[PDB]
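Okay, so here's the structure we're looking at.
Sequence lines set the chain letters: A, B, ... in the order given, protein chains first and strands last, and positions in each chain run from 1. Note that ligands are numbered from 1 as they come in the structure, with each ligand's atoms numbered from 1 the same way.
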2 protein chains.
Amino acid sequence: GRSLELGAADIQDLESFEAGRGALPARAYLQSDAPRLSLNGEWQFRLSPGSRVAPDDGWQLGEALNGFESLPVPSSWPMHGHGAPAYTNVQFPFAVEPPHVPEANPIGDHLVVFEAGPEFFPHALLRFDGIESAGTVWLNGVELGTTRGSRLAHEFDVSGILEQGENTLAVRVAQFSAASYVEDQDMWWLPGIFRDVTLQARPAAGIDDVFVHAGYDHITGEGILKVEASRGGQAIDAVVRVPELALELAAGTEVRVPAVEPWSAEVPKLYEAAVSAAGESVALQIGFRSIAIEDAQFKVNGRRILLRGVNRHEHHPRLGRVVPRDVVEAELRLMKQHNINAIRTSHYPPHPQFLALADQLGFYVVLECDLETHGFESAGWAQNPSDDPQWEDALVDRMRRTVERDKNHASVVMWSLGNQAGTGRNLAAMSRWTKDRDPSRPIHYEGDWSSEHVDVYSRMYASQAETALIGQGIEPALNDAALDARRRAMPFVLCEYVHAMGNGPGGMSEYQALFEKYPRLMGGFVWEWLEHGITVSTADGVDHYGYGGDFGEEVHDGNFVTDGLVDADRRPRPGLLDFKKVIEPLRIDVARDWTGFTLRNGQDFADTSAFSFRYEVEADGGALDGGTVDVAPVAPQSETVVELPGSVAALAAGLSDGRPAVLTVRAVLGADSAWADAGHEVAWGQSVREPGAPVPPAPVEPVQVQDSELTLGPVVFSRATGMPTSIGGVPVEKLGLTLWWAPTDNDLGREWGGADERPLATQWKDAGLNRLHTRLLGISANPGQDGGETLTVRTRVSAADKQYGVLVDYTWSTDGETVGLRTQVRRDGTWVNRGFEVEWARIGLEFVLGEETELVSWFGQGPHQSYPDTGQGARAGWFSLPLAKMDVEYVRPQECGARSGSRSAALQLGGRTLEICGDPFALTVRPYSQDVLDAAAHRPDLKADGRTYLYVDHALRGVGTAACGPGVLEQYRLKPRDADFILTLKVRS
Amino acid sequence: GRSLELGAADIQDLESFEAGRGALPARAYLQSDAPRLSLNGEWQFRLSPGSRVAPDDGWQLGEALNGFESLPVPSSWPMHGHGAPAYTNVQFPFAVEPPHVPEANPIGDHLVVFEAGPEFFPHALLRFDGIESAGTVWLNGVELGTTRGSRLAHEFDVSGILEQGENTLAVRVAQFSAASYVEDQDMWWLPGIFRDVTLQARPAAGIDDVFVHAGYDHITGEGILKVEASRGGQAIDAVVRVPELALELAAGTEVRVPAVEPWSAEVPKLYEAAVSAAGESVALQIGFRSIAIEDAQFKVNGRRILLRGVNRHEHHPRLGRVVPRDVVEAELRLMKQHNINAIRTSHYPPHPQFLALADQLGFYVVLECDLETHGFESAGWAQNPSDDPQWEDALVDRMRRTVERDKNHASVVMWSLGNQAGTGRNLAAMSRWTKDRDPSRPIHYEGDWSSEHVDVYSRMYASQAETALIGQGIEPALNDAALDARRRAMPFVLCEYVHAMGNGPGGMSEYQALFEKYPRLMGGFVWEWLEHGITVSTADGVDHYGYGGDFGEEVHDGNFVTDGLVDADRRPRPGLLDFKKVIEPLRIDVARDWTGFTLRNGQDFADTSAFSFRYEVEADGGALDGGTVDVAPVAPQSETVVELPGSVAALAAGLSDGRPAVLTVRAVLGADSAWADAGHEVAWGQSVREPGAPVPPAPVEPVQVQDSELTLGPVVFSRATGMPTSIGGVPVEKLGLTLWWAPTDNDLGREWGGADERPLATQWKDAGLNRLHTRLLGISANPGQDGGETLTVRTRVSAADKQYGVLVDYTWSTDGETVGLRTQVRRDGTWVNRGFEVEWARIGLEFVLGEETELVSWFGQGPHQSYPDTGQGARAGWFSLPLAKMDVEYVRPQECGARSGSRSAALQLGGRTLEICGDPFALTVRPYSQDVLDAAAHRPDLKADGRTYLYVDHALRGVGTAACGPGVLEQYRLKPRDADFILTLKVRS
Ligand SMILES: OC[C@H]1O[C@@H](O)[C@H](O)[C@@H](O)[C@H]1O
Ligand SMILES: OC[C@H]1O[C@](O)(CO)[C@@H](O)[C@@H]1O
Ligand SMILES: OC[C@H]1O[C@](O)(CO)[C@@H](O)[C@@H]1O
Ligand SMILES: OC[C@H]1O[C@](O)(CO)[C@@H](O)[C@@H]1O
Ligand SMILES: OC[C@H]1O[C@](O)(CO)[C@@H](O)[C@@H]1O
Ligand code: NA
Ligand code: NA
Ligand code: NA
Ligand code: NA
């Protein structure tokens with residue numbers, strides 16, 4: 001007997017190493033006057049759980065369809081109730097045995113009917129800009145071919161198949177195929193026809209492909225122009241016209257434009273052009289720019305540039321991989337509004353419409369091929385497609401389609417072979433093909449650290465320390481002298497750094513100082529631009545983002561998909577506010593005497609003519625003075641000192657010697673730009689006259705003693721515990737020391753190095769920092785002033801089963817009006833647990849009040865959160881926010897919302913108002929406890945309990961980027977130590 | 001100013017290093033004719049959360065009590081709604097800063113009123129047999145004293161305080177005190193007055209203490225008798241009478257009884273005696289026995305003994321530390337019924353009534369002092385009370401009270417200083433005091449491996465391998481030559497071994513063989529006798545046991561308190577059934593020809609006269625022959641061969657050469673004993689004629705092919721998957737390979753050694769063994785016989801993200817009646833993950849049937865579960881049980897219920913009956929899946945889903961004792977390997 005299994009034919013095709021069959025030559029995405037009909041819209045769709053059960057019932061004819069239902073196209077079909085999204089980071093969701101596919105393989109059959117007028121005859125084609133991951137296509141029942149390369153475009157000739165009038169298009173899509181083994185990016189698995197489908201006419205004497213070459217000679221200022229045009233792979237006679245430059249030339253000839261204005265991310269000058277043959281005309285946007293590497297520097301138009309980058313995935317919280325155009329435009333505007341100038345298309349080519357937007361708004365684009373075999377690493381890279389000769393044609397095809405589609409856009413300054421694909425022969429073949437095809441753009445690929453087949457040295461998450469050694473050209477040498485000589489002559493780029501997951505990222509300033517200091521350093525791209533949160537609702541109607549595991553995944557990686565500077569709806573996270581400041585292209589150093597400010601132009605090409613420089617002096621009441629000062633344009637990388645009007649300094653000299661006041665100088669847009677309105681803030685700097693130290697109240701009030709209570713002015717103490725039970729009428733339910741916070745995503749990551757690789761969160765739990773207990777040692781009153789007394793309460797704080805502890809003494813004093821509180825902390829015993837030193841999250845106090853807080857106001861850093869190694873974007877001033885807005889809406893709740901650098905605070909408990917002053921402290925106010933915060937997996941898990949949780953911290957730990965990359969830097973760590981700090985409290989009813 | 005805190009006086013007393021004040025001389029627990037009044041019953045009780053808030057409102061007078069309510073005494077008050085139980089193993093539930101106590105310290109005020117008649121005047125006392133942990137006692141308002149030593153007795157003189165008529169007793173009990181630091185046993189923390197309270201009259205010319213000395217001369221057979229009696233610490237004139245021995249002697253004089261019958265656990269001969277003065281008489285039970293160590297052997301009455309022991313805690317699932325007397329008697333009977341002969345009072349003296357029961361029923365008792373400082377280990381033993389001079393008086397007091405109370409009982413053969421208390425000067429002081437006081441009993445203590453201050457070498461959980469080296473006297477030497485010479489001359493005891501947590505314990509047989517082989521080995525005590533489950537109910541009324549964490553504990557150790565041979569209600573676990581067989585005191589080896597059996601008397605003193613030897617031959621239908629055979633008494637440690645009646649062997653010779661049959665020889669009690677009825681089984685042995693190999697059915701039926709289904713006789717296959725969808729009408733929902741089981745408690749423990757210390761359960765999860773997936777490679781029919789065909793289904797099984805897999809081929813054959821299934825397993829790729837070899841739990845098949853199973857029957861080992869390194873108690877025969885009874889009711893659900901050694905099985909699905917035959921396999925049937933079993937934390941989490949989960953295993957892993965002690969032994973491990981095995985199936989409707 002012979003075979004009896006079902007569907008072996010479909011599965012054999014899915015297991016194919018080949019690049020897909022039947023498609024036209026890969027070419028550029030071109031704006032053409034040829035008639036076109038978009039087939040996007042409502043299609044019919046049927047889902048089958050595997051190939052062996054996918055019906056073979058002639059559905060491709062579209063007649064008598066059973067089981068089909070409406071579905072929009074383009075779409076990621078798990079976003080519409082057909083199956084569910086599934087998130088994995090590295091691990092494959094199927095057994096690793098290439099090229100084989102699992103039995104559980106969603107098969108989607110798509111069908112649409114459309115009308116083809118006489119414009120699409122004799123010749124036309126069908127274009128698919130993306131199918132995840134394996135498509136088969138029929139038109140009127142005849143097979144056109146298949147598609148491989150989920151984020152790449154495929155075109156099929158329908159001449160003689162397309163019929164006048166009604167036509168029926170059928171597409172079978174398999175989620176998984178052999179191609180899934182090379183599409184293992186860290187993101188959601190989402191099958192579907194997720195990009196545009198277009199019917200295009202191909203008139204005779206038309207234009208199939210165009211290759212624009214627009215160089216710039218920064219010495220002469222000339223533009224070097226050659227525009228290739230071809231039909232069916234052969235060069236053709238066509239006319240290229242550039243009206244603005246008074247140019248008419250034949251395609252295929254190189255000319256020298258006497259003077260062009262060069263293209264850059266800062267000044268994205270574009271010239272409108274058209275290349276036309278008898279039967280077709282293509283409209284182009286030409287940006288003249290040349291890219292070169294010399295003296296170990298990445299240079300554009302003769303100047304080293306600094307990349308202020310992000311890694312941009314394509315994701316939408318409700319449509320999956322389908323990003324509507326208005327979302328693309330909005331988010332690119334938002335990037336510019338935060339001083340971003342570079343984008344890495346992690347880790348695949350974007351929607352083809354993205355390229356023209358990058359050209360127009362101004363971004364340096366690393367365009368990356370759709371290739372990642374990350375899941376093979378855990379097996380020592382055994383069977384890695386990148387080094388398997390059977391995969392060469394498939395991988396070269398991926399690179400070719402990547403290069404051909406976008407080769408005409410000035411914004412693309414580097415080609416990238418892929419991401420986390422190891423090293424191998426097929427990667428070298430992709431580089432060789434690209435170098436031969438387009439030598440005008442350097443090659444990028446991080447996976448091969450030897451850098452044998454690339455033109456820049458790229459790394460991800462290298463420490464600040466190692467980056468400094470690379471910046472100096474003193475990194476350790478490669479074992480191969482020839483390769484080392486090559487790599488040392490390359491400029492260095494961080495294709496991913498300062499992982500922006502949750503609270504953070506920390507340590508951005510230390511990287512940036514190196515970027516500004518060492519020319520070899522090209523800059524870096526933050527990981528990543530957006531969180532891939534998927535919107536989920538409840539019968540309550542409450543909306544929250546879901547992540548890995550929230551969709552039934554047998555195998556997932558949790559919330560590592562929510563690791564962005566903005567949430568899935570492009571709401572900024574605090575890290576973006578800080579990032580904007582870190583990469584600001586102008587440096588403003590306000591003089592302490594308020595006479596002027598130093599201004600350095602950090603841009604690479606533009607001067608300062610685009611900015612209006614404005615100043616304001618704000619005080620306790622409000623603004624005292626302000627205006628605008630004229631600055632002679634400052635050349636790029638140049639420096640000057642700007643005088644402020646004499647009234648500003650005189651105003652500084654006239655203050656009371658205790659009055660706080662802030663002078664802020666800002667650089668805003670003088671006029672509307674393509675990405676923001678006039679007045680938009682780009683850079684800023686401050687100088688502060690800080691408020692004098694607060695006066696401790698004279699201890700003139702005595703301590704009144706009762707059986708179970710002590711009273712000292714407005715404070716009533718529980719005589720049993722020694723802690724206050726109310727201050728001026730507001731109930732105090734608990735007061736104690738804090739040393740711990742609800743772990744951030746970073747605290748949950750392993751900090752490599754040392755024999756201790758427990759995450760900091762685990763070190764804390766093992767140490768008991770989350771379950772502190774306090775023992776009362778004694779209560780004592782002492783002589784103060786004029787019959788007054790101070791009340792000292794001695795305690796020891798520790799945790800169950802631990803011998804180490806801390807002695808805490810609270811000294812209370814009052815004049816009847818304000819309350820003086822002095823806290824003294826002293827280590828008792830060695831703070832070591834499980835053989836390693838315990839580290840602290842904080843040294844602070846937790847006040848639990850028995851009433852809710854409606855409003856929180858403070859003088860310090862704001863408006864958003866700030867921790868020791870973050871908060872660059874938090875400026876000095878007076879701020880006020882409702883309680884809900886003090887919080888930060890991370891998908892997985894975690895420590896957040898602390899306002900470091902606070903000098904004074906005011907909580908409003910309805911009619912009463914609680915004020916806190918003292919030496920600089922961090923402020924946090926929450927309607928729920930830390931234990932509720934730590935336990936919560938999603939924001940709906942957080943509930944108010946009618947209380948106010950007030951945190952006053954004398955010291956804080958940094959947050960770092962330990963979820964992926966460096967942990968907290970040394971200077972921001974918090975090791976157990978003795979400490980003392982003073983506060984003052986007061987209630988206004 | 002000076003102090004203002006509350007309750008400093010009470011707290012100062014709780015923090016005291018002293019042994020408690022005001023009590024009478026520690027003495028023996030004596031049965032006296034002096035009038036006594038038990039004050040047990042309903043008391044009044046008030047709970048306060050700490051000393052600083054415990055009222056000082058004169059409640060001791062019992063007048064005008066506010067906040068008091070009824071509570072029984074004795075009691076563990078968290079067992080009655082006042083607070084809650086809390087379980088920790090090693091870790092202290094409070095900060096470790098001796099002698100200080102936490103602010104959260106439940107304070108229980110107890111009060112009772114009683115009448116004192118003229119019998120209690122002039123002199124009387126109050127006796128407290130246990131208070132956890134610190135008691136203060138007032139009678140009619142006057143303080144008698146305090147108590148320390150929670151499981152020790154205290155007596156207070158009330159002469160001149162006790163008043164004629166009504167009296168008021170008030171007791172304040174603090175849960176925590178300085179004493180808690182030395183009472184860190186692995187058990188529930190349970191405050192309360194948990195043992196009897198008694199008013200005793202002390203007539204003039206009475207007897208306060210008695211010290212019985214009853215030695216035995218095994219050469220002459222003489223008894224060496226001296227009975228000390230004293231009053232107020234001075235020897236007194238008193239008469240000792242022993243009627244059975246015709247003895248009248250003065251107390252304080254040693255005499256030589258010409259002939260006594262010696263006492264042993266096997267023959268606990270006791271002589272009734274009375275010692276009397278003018279005003280009081282004490283009734284004693286005297287067992288003549290002498291204990292000695294010679295030639296590195298622990299000897300009683302001149303013979304080396306073998307300890308068949310358990311560690312006995314005192315626990316009740318609803319009363320806490322209060323064990324009712326009828327429960328004590330029942331559980332001690334149950335121990336004897338399972339061949340146990342020794343008890344360790346882990347880790348404190350038991351209720352005083354326990355000692356007379358041990359004397360009467362016959363146990364070798366290690367009586368252990370109330371001392372354990374385990375929680376100091378994690379800090380390098382810093383501050384350990386065992387070596388702190390300030391604790392010497394407190395610890396000597398503990399030992400003194402321990403020794404004095406029970407010194408008169410023959411069952412106590414060793415004194416133990418404590419448990420897991422490290423090493424230190426105070427332990428040496430406790431040993432020195434004990435040696436001087438009672439030299440007739442050797443000293444035990446495991447904590448000091450050098451054994452400097454003990455008379456036996458004790459260890460816990462030493463591997464079988466190290467035990468064998470110790471048995472041979474070739475263990476590694478101590479650095480001190482003098483101490484090494486001493487320890488090598490000591491016999492060796494395992495005070496705890498084969499940890500009996502969950503499924504297990506495994507490896508009991510390997511220890512036992514060493515015990516029988518090496519005289520130096522004294523035996524061992526299983527950890528532990530009982531699970532400390534606490535009963536919990538729901539509104540449903542369903543009862544289940546709770547463990548650590550189920551009572552709100554901030555700090556707990558989960559289900560490690562449920563680690564016993566019986567559950568809290570004394571229901572046997574399978575481990576006890578196996579243990580009974582492992583330690584059976586007779587060895588019965590049935591001859592293969594059924595002519596007779598070898599019989600070895602494993603006892604140390606008794607012959608075989610107490611046993612009736614019975615035989616039976618059981619066959620498929622039922623019993624064929626049986627009767628009783630007369631055995632001449634066999635001396636201890638002697639051997640003989642017993643002939644069986646000729647009809648037995650002739651019956652063996654006459655069987656069909658394929659018929660299964662079992663000959664069982666049993667040793668039962670010939671007459672009622674004190675611990676069981678006549679006919680109770682003590683030892684057994686078997687000889688089996690196994691059934692012939694099953695015949696594979698002739699493959700005469702062909703394979704019928706259809707579009708979506710294949711049929712081969714009674715099996716219908718899904719043509720898409722290749723798996724059967726029904727066999728003879730019973731629906732099959734899934735069929736696949738298994739390599740994993742729901743981790744046992746042992747699988748969750750770390751196996752120390754090797755660079756891999758992940759628990760086996762974690763190794764499995766990391767390896768994906770719990771989430772296997774199967775890919776279909778092909779289906780093929782082949783020529784069988786006379787037009788019949790066999791159907792082969794080739795598959796590959798792996799898991800997501802893994803490259804290793806296994807190829808599984810199912811060959812199906814049928815003659816129309818029975819179904820022949822051959823399974824072939826072959827490794828594909830190296831089964832390595834996270835750098836270490838993957839191990840398998842099993843090689844088997846899981847059948848998921850679409851109907852429920854009411855009954856499971858099989859021929860194999862039973863009735864209870866058996867795994868490769870367990871099941872010693874499972875004997876060969878035919879068994880049948882309802883589905884619920886196939887399961888094992890472990891508190892935390894886990895893998896259990898497998899019946900290894902099965903030759904045939906019959907599941908009844910209502911009207912239809914599914915039969916499985918084949919070479920030996922393991923059988924398991926469950927109404928729920930493995931994923932539900934693994935997820936379940938308590939038995940209510942298990943739910944039936946209307947299906948039958950049938951597991952047929954060709955190979956199984958052992959279970960070991962890795963939760964604490966050795967993991968699975970080498971010969972029971974299951975490393976990935978190729979395998980093949982045949983089965984036959986058949987349905988009877
Ligand atoms: O090496 C550490 C291990 O040592 C063994 O002897 C014993 O099972 C335990 O103490 C365990 O912790
Ligand atoms: O550049 C054009 C290239 O693209 C392909 O057509 C893929 O369809 C190849 O056949 C050709 O080489
Ligand atoms: O014609 C523009 C470009 O496209 C090709 O024709 C092939 O697609 C190339 O030969 C040319 O460089
Ligand atoms: O053996 C009697 C011993 O017991 C104690 O009374 C404890 O109350 C000690 O005072 C005495 O030494
Ligand atoms: O009297 C019996 C035993 O008890 C004591 O009197 C003290 O309690 C000891 O002197 C004696 O050995
Ligand atoms: Na996050
Ligand atoms: Na991620
Ligand atoms: Na258990
Ligand atoms: Na235990």
### Query
Is the Na ion (ligand 6) under 3.0 Å from any N, O or S atom of A:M501?
no

### Task
Go through B:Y497 and B:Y511 one step at a time and tell me if the ring pair (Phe, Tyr, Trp, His ring centres under 6.0 Å) criterion holds.
CA-CA 9 Å; B:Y497 85 128; B:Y511 283 110; 5.0 Å; yes

### Task
Quick one: look up the protein heavy atom nearest atom 12 (O) of ligand 5 and list residue, atom name and how far away it is.
B:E228 OE1, 2.8 Å

### Query
Considering only the protein, which heavy-atom contact is closest to atom 8 (O) of ligand 5, and what is its distance?
B:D209 OD2, 2.9 Å

### Query
In terms of residue, atom name and distance, what is the protein heavy atom nearest to atom 10 (O) of ligand 5?
B:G233 O, 4.4 Å

#### Entry: Part of B:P25 within contact of ligand 5 (heavy atoms, under 4.0 Å)
neither

### Message
Is it true that A:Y867 and A:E895 share a donor-acceptor pair across their side chains at a distance under 3.5 Å?
### Response
yes

### Task
Identify whether NZ of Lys or CZ of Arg in B:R405 sits under 6.0 Å from the centre of the six-membered ring of B:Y29 and within 45° of that ring's axis.
no

### Summary
Looking only at protein heavy atoms, what sits closest to atom 11 (C) of ligand 1 is B:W752 NE1, 3.5 Å

#### Entry: Expected output: side-chain A:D747 to main-chain A:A761 donor-acceptor under 3.5 Å
no

### Message
Given 3.5 Å as the limit, does a donor-acceptor pair link the side chain of A:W188 with the main chain of A:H532, or not?
### Response
yes

## Note on the structure
The closest protein heavy-atom partner of atom 6 (O) of ligand 5 is B:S230 OG, 2.7 Å

### Query
Is the shortest N/O to N/O distance between B:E404 and ligand 5 below 3.5 Å?
no

### Task
Using only heavy-atom distances, determine whether the side chains of B:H374 and B:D184 contain a donor-acceptor pair under 3.5 Å.
no

### Query
Can a protein heavy atom be found under 4.0 Å away from atom 5 (C) of ligand 1?
no

### Task
Would you please say whether a donor-acceptor pair under 3.5 Å links the side chains of B:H213 and B:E228?
yes

### Query
Which N/O/S atom belongs to A:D745 and is the closest one to the Na ion (ligand 6)?
OD2

### Query
Which residue from B:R27, B:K407, B:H213, B:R437 reaches closest to atom 9 (C) of ligand 5 through any of its heavy atoms?
B:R437

### Query
For residues A:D569 and A:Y545, is any side-chain donor paired with an opposing acceptor at under 3.5 Å?
yes

